[PDB]
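Undergrad: Turn this into a structure:
(chains A, B, C and D, ligands or ions: 6)
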Amino acid sequence: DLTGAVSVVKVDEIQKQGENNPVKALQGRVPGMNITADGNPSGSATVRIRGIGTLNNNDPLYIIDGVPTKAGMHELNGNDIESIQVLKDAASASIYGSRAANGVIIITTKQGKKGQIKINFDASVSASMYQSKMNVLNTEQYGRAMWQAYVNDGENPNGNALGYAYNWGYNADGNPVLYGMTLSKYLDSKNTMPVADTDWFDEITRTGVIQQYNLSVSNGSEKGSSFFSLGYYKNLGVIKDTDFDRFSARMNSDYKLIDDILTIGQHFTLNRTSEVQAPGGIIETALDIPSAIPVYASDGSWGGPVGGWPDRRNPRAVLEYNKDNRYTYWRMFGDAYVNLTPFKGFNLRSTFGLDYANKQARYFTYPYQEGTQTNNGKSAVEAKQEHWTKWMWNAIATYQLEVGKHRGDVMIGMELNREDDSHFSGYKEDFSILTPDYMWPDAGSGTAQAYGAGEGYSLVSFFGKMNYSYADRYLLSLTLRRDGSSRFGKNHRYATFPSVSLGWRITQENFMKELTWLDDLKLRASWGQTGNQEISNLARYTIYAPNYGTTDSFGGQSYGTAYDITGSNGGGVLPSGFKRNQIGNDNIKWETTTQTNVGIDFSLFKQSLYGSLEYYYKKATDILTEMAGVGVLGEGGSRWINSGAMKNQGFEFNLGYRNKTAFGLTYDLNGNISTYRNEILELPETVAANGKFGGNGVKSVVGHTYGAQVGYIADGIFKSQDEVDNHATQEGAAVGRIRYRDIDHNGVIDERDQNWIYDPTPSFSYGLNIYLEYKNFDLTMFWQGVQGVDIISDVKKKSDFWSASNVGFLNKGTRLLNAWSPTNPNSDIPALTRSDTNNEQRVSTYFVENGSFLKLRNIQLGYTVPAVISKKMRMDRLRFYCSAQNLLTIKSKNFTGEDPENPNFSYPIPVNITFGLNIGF
Amino acid sequence: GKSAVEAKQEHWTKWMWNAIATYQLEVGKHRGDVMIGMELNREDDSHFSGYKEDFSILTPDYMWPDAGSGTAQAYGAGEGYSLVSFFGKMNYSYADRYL
Amino acid sequence: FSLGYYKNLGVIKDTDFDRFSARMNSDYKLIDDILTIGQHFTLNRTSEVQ
Amino acid sequence: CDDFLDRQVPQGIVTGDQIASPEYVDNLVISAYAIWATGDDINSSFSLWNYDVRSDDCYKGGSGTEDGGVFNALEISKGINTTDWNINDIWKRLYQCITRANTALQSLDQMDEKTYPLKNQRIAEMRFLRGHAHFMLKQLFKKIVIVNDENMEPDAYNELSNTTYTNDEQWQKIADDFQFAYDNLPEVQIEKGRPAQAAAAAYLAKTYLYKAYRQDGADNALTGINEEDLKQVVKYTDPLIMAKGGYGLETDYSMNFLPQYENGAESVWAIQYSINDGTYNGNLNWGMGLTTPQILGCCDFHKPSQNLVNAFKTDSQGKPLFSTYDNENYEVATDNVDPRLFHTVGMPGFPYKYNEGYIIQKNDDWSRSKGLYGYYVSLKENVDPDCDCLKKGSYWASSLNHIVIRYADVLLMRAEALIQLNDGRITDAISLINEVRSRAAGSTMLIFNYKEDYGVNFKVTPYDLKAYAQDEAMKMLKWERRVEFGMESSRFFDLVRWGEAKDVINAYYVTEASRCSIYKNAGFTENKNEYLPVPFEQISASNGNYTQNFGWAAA
Ligand SMILES: OC[C@H]1O[C@@](CO)(OC[C@H]2O[C@@](CO)(OC[C@H]3O[C@@](CO)(OC[C@H]4O[C@@](CO[C@]5(CO)O[C@H](CO)[C@@H](O)[C@@H]5O)(OC[C@H]5O[C@@](CO)(OC[C@H]6O[C@](O)(CO)[C@@H](O)[C@@H]6O)[C@@H](O)[C@@H]5O)[C@@H](O)[C@@H]4O)[C@@H](O)[C@@H]3O)[C@@H](O)[C@@H]2O)[C@@H](O)[C@@H]1O
Ligand SMILES: OC[C@H]1O[C@@](CO)(OC[C@@]2(OC[C@H]3O[C@@](CO)(OC[C@H]4O[C@](O)(CO)[C@@H](O)[C@@H]4O)[C@@H](O)[C@@H]3O)O[C@H](CO)[C@@H](O)[C@@H]2O)[C@@H](O)[C@@H]1O
Ligand SMILES: CCCCCCCCOCCOCCOCCOCCO
Ligand SMILES: [Cl-]
Ligand SMILES: [Mg+2]
Ligand SMILES: [Mg+2]
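TA: Numbering: from 1, shown residues only, chains lettered A, B, ... in the order given. Ligands and ions are numbered 1, 2, ... in the order given. Now the structure:
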């Protein structure tokens, strides 16, 4: 669309990040499009376009070669993409589908230009290194902090029933001082577990290796065209025993018959990926386990806590036991189309899309036994299978005309969609040989379970779109859809979504021609609506499930319907029944997102200064909300209601300067910046008290930002008994403890003294791509910043306290070595205690930090061997290069951790340093 | 009154790889193909299935393993083989009348 | 490039078979017909009640 | 256009309309029992032990005061917030059990009795369950919502209130449920998980016994002891009703807490935990999964207090040391003791659930607190480590039944209501207390040789049948309830029936600070801490329809 808000991505920049997932290589490149990703080797990522659209699903929609799919991108071969445009407003998005409410991304893959036969072999290798690693007490440091904690509370530090003994006394002033410290050699009496100074993060990390190869080949005839690529990725993540890889093939082709009036074409890609994923919570386990626990126990078993040591698993052993939990994923994606043009301007076209993946995996349960961390002797295997089969069908009629100065596209069409999913798995316990070779369900001698279910939905869509241009200077555009979904009853099946966009090519009107210095200026405005139906396939219904209770729980609460009504104690099948999962709602309808947008493109000084501004107001109404039930309603009282509304408004700015220089240096900058506000407008009563989208179940998020949080205000530290007795009554308050603010001024510090203390929305984010060519060399940098963001740190709970955790004696951050005491009175860090008397675990400003950052996302330096040398080996282009991703991080002095982009326990974001090449005949 | 369902899955994954070197010549009346080459083959199979007894509604819509109230069984195993091959083939024709 | 469909309801009741088929083959002659790349590939989905 | 968007339909479920069919009526009934086994978790055991840490019987245990911080707050009466996750949790879970009762009743109401002859016994079963939950919510929160309209629409739940009824008539609406159950249940249940009519009587009685100590004022103090209510406790613990069902005290105390002896004569109604039964790891008592000692790796919760330990001390004639018991620790060599101590509290140097091969010590190997919470283990819910009944899922749990009403409870509840109705039947209530006390004195099977191997001096004797004053008789029943029901999570609930909570527990806080240092800053605030606050999120969603309990600020 020339009338909508459309960010057009320079695809040649993408391949310079060596990223597997291309979407991950747009991180920061598009204003309005926030792309988030941890460091896991898939390169899987999360996209949010223009704030937070709705209260169910905010993921965008891809149209790859005219086929809609809502998820993957790291599952396909990023390397055979030709073009990517991101459609941000509703006028441009809507015509592409009924799932457009969160923006849409149009991807077209490479074809073959006519009369041309090229080939392209790109290849690359990288080392991947853990960078921002968290500083964590060592065995000696552990013993110092412990003595401090004991002593502050005034207990005998020799009473730590771990291995420590302390030689300590009192200085002249009377405060306690530690002189020397001895450690036992074994953590248990029976000497099965030696004392270590293990650095656990070093132990579970490794130098990753990335590989990448891609071949592509194309051919162009007057009568047709054809394309063929093969690709491979492989990435051993920096966390040990985690890896990812992908094999890719793509064939596209088209055929022009009769008189280029019957046209047949096909796009198709085939992919096989496979991965072993990092377990849930290894980073936290690595943070948690004390240095004193050795990797290996006396006998060569895995090391583990014993005696008084905390209830924490051995993180190396976890990763090793999970190394064969590999899934294998085959996805087939493509379409075939026919195009008829029965006379000038008239086109009929019909496309059938197919999107089909299947995922296989055995997940193994080996028996573990790290000290007191035991599993009994359980061994099991689960063979799991899943299929996702989506197909799409549409027919399209379009007319074009050009009357002197009038222009005009019309198009009406129809589209059908259908997904059908199935999944099932067989589970078996008890194996004699504990290897993946033996551990198949046929070979278990214990109990079995079988699992699985299906589901699906269908969509129907009728649409038309009308473009008009007057004299190539005034443009009007009109979109209109009627959209039905199987997820609603007949009485609300369909919904109708119009869109209107206007465009005013200012400069082509004569009274601007008196300006040599501005080549185009175009003001555009748009209004339009998009439906949203992205909800549970079962959303309409009252759901009873048999749920006999065959399934792993945690600490009980399986909520099963089986019961030994007879009192036999079991041994055989019990009688069972049904339990409510969900209350239905006869009158769920389409949720509606309405967007108004205005913006201006511009080009100055002979195409050298270009860019565009964007302003939008984006509102979601009748929002489809999974709404909790009132408490007394009980089991499965939730229901999907249209009940809720949310705004997003903001500005988006692209600006690129390009020009060469008279000593041989081309330089091309294009940066971008954007900002937005998000507000929840209305919300069901029970979701407001819920906290589900906001204020912690103490205040209602209505009127604040999605995910805003409420808490106590920490006002420094009581530094003198004076300051406690003069403060409001605060349970557990003493010298060295956090002073919490008395917000209501009632003279008591209690649950009423909390306030809006957290907002996830930045003041603004921005990106910037510097490019230089000089003497066959080239240099790229990409910088990305987010400015003004609050983060909530849960590491700070582990770094700044001895007892802000559920369990005593865990490993702690290295900052608490600086904790306030009489000894050391120049500190923000609360004094070490052994009991959270003051409940400094309560949500509070203490954990909100400034998570602003600027990151050198990428820097690449290339040499391309000059033509005359290379052409003589028959190579249009030969280029070597070398690059590094996420090389450098600038952050706030007030951020106390390592990665402000990944402040807690997600898969660390490594620094990559890469070498590679480009050959093309 | 037995009712049960078995969800069954099987995969067969075979791949082949070869490299081939061939020479041709035509000397007046002599003809002659030569060819040497190498070939690798590998199949890997897997299959598994979950079995569940006892259903309250007796249709394919209901009869998924999650919804049974009776005994379960799990089945499956894998297997495979590989082949290596080295070969050459030599054609000769004399005067287009003796081969 | 081909697309194909079969469907056959056997003479014994409640027994049937069908097949969907696609095939793409292609080749490319580069340099001087001295570097040649090619591909054959067929994709099929069948289903049956026996 | 139309046929296309209807083809795919919900897989693997029964839909709302379908569920009402008669073919599913007994499915719903079973499902309403199941949730008492499958609806609690390690912090919400429907035994309510996690909340009897408020009592003088026990400490919360665990790693330390943060191991379930909200329950330490409960244990010391300080820093409880109405926003606390446990308080919400248990409120929510108990009303979930209520759902399954009412859903079954909604189905059962429409059934035709000519063709479903047990229609009213099933209906009674469900109404028994519904009373069970309401009863426990009433103990926990005082000001509860009464949810007993099984045909009530979802939306009508939004306009309910926890003050629709006065406190007394809240109690009566519970009594109504257990009454109908009495009128309708059969005398005997061949399927032992189903309550028999005596169970309905016993719970009926228990409901009037809690109703009779009235709090009809605006706070929580006693406003007089009603004797129409007390006279019901008599009616419905009549030994003639109990004999029609065959209930009575086991010939040895330990049987109520042993896997081999489930569903005995004393087990009036129990939760039927089971093993080897088709479920992932079994329908085990996961709710007690925290209270296994360190011998199993985790987690050492629910540890008894030295207070309770010393309570089993007896004078030289085998009677409680009413005034002196807590002035010196129980000492094996020189003190006379009640056999029930060794069925309740596993103590250092002594066997863990009667197994000479597991002797408890003040060790890493038994307690987790480095001494903070002591070195005692809760015996009633744990089992022999060798037991067939014991499995580890995510926690260690067994299939040992949780008994909601022991028949000892029925005798001591009768004893109580008689003593409170000063009406000449006190020498009967004494003779009830001696039924329990004499049974207990002889419960030395499985610990018969503790005299010669460890030195214990068992000495317990019944009270002489005199014409006791009502004040003195009360303290003899109370003392029997201390030793008989120790660690069974009704001790603190007793004190709030008696209006004695602040006195006895604030006192406990000072006597026990010496042994468990957590009670240092503990303080019970009367007309406040006798009941958990109604959960904040619950009030806040009600839109003013719910009312908070007395003593708590307008939040
Ligand atoms: O801040 C309050 C906040 O917490 C929530 C959510 O956790 O609580 C409500 C909700 O939580 C549950 C269960 O999820 O109870 C949690 C609660 O239970 C307590 C007592 O109240 O006791 C827990 C005890 O269990 C242990 C056992 O750990 C075991 C031993 O077998 O060892 C391994 C490793 O820990 C476990 O897999 C085994 O079960 O702890 C379990 C407990 O510990 C936590 C701490 O984060 O998990 C440790 C994990 O974190 C890692 O660091 C990274 O994943 C790993 O090392 C490890 O897997 C917590 O997540 C687990 O629940 C033992 O330590 C304890 O003695 C409390 O200690 C605990 O807080 C429900 O019952 C309850 O309803 C929120 O809703 C609320 O806002
Ligand atoms: O019908 C299943 C339903 O479950 C989801 C998540 O609720 O995925 C199931 C499952 O897959 C997740 C992993 O698989 C990968 C591999 O490509 O991605 C699959 C797609 O799922 C997304 O998350 C949806 O956007 C998307 O990222 C992928 O296209 C990995 O990236 C994922 O980690 O999740 C389970 C683990 O939690 C696992 O057992 C399943 O395979 C939905 O995606 C799906 O609709
Ligand atoms: C070049 C790719 C073109 C793909 C379109 C042609 C189809 C080739 O085989 C795909 C078959 O899948 C069709 C959808 O599946 C039909 C199943 O529906 C009946 C059972 O639910
Ligand atoms: Cl329904
Ligand atoms: Mg205040
Ligand atoms: Mg049992």
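
Undergrad: For the most far-flung residue of chain A relative to its centre, grab phi and psi.
TA: For chain A, the largest distance from the centre (Cα atoms, centre = their mean) belongs to residue A:172, which lies 55.9 Å off. Backbone torsions of residue A:172, given as degrees, to the nearest 10, read phi -60, psi -40.

Undergrad: Against chain C, how distant is it?
TA: Note on residue A:172: its distance to chain C, by Cβ to the nearest Cβ, to the nearest Å, is 85 Å. For every residue, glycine as well, the C-beta is placed using N, CA and C.

Undergrad: Need the contact partners of stretch D:428-437.
TA: Stretch D:428-437 has contacts (Cβ atoms under 8 Å, 6 or more residues apart in numbering or on different chains) with D:249, D:408, D:411-412, D:414-416, D:418-419, D:460-463, D:465-466, D:468, D:473, D:476-477, D:480, D:484.

Undergrad: Out of those residues, which end up buried?
TA: D:249, D:408, D:411-412, D:414-416, D:418-419, D:460, D:462-463, D:468, D:473, D:476-477, D:480, D:484 (16 or more other Cβ atoms under 10 Å in any protein chain shown).

Undergrad: just so I have it, where are all the helices in the stretch 1-150 of chain D?
TA: Assigned by DSSP state H, counting those that start in this stretch, the stretch 1-150 of chain D shows helices spanning D:25-38, D:49-52, D:69-76, D:85-109, D:119-141.

Undergrad: Go through those helices and name the closest to ligand 2.
TA: helix D:25-38 (23.8 Å; Cβ to the nearest ligand atom).

Undergrad: Now do the closest one against helix D:85-109, angle only.
TA: Inter-element angle recorded for helix D:25-38 and helix D:85-109: 160 degrees (by axes from the mean of the first three to the mean of the last three Cα atoms, to 10 degrees).

Undergrad: For helix D:25-38, which residues meet the burial criterion?
TA: Quick answer for helix D:25-38 (16+ other Cβ under 10 Å): D:25-38.

Undergrad: got it, and stretch A:611-618?
TA: For stretch A:611-618, by 16+ other Cβ under 10 Å, it's A:611, A:612, A:613, A:614, A:615, A:616, A:618.

Undergrad: Tell me how far the residue in the stretch 451-555 of chain D that ligand 3 sits nearest to lies from ligand 1.
TA: Using Cβ to the nearest ligand atom, the closest approach of the stretch 451-555 of chain D to ligand 3 is made by residue D:541 at 43.3 Å. Using Cβ to the nearest ligand atom, to the nearest Å, residue D:541 is found at 17 Å from ligand 1.

Undergrad: what's the answer for residue A:818, then?
TA: The value you get for residue A:818 to ligand 1, if Cβ to the nearest ligand atom is used, is 24 Å.

Undergrad: For that residue, give me its contacts.
TA: Contacts of residue A:818 (Cβ under 8 Å, 6+ apart): A:824, A:827, A:829.

Undergrad: Which secondary structure state does the second one sit in?
TA: Going back to what we said before, that points to residue A:827. coil (DSSP: H, G, I helix; E, B strand; the rest coil).

Undergrad: do the first one as well
TA: Taking three-state DSSP as the rule, one finds residue A:824 in the coil state.

Undergrad: who touches it in this structure?
TA: Counted by Cβ under 8 Å, 6+ apart, residue A:824 has contacts residue A:818.

Undergrad: before we move on, what about the last one?
TA: Under the criterion of Cβ under 8 Å, 6+ apart, the contact list for residue A:829 reads A:800, A:815, A:816, A:818, A:819, A:820.

Undergrad: I'd like to know how many residues surround residue A:667.
TA: The tally of other residues near residue A:667 (other Cβ atoms under 10 Å in any protein chain shown) stands at 15.

Undergrad: so where do the helices sit in the stretch 601-750 of chain A?
TA: So, for the stretch 601-750 of chain A - with DSSP H, counting those that start in this stretch - the helices run A:685-688, A:721-725.

Undergrad: Can you say which of these is packed in most?
TA: Sort the helices of the stretch 601-750 of chain A by mean neighbour count, taking mean count of other Cβ atoms under 10 Å in any protein chain shown, and helix A:685-688 sits at the top with a mean of 22.

Undergrad: That one vs chain D: in contact?
TA: Yes. Applying Cβ under 8 Å from any Cβ of the partner chain, one finds helix A:685-688 touching chain D at A:685, A:686, A:688.

Undergrad: Which residues does whichever helix in chain A runs longest contact?
TA: When chain A is parsed with DSSP state H, its longest helix is helix A:139-152. Applying Cβ under 8 Å, 6+ apart, the contact partners of helix A:139-152 are A:137, A:156-157, A:159-160, A:162, A:164, A:166, A:168, A:176, A:178, A:181, A:183, A:195-197, A:290-292, A:736, A:802-803, A:811-812, A:814, A:816-817, A:819, A:821, A:831-834.

Undergrad: So what's the residue count around the closest residue to ligand 6 within chain A?
TA: Residue nearest to ligand 6 within chain A: residue A:569 (4.1 Å; Cβ to the ion). Residues within reach of residue A:569, counting by other Cβ under 10 Å, total 22.

Undergrad: for it, what are its contacts?
TA: Counting by Cβ under 8 Å, 6+ apart, residue A:569 has contacts D:259, D:262, D:272, D:273, D:274, D:275, D:389, D:399.
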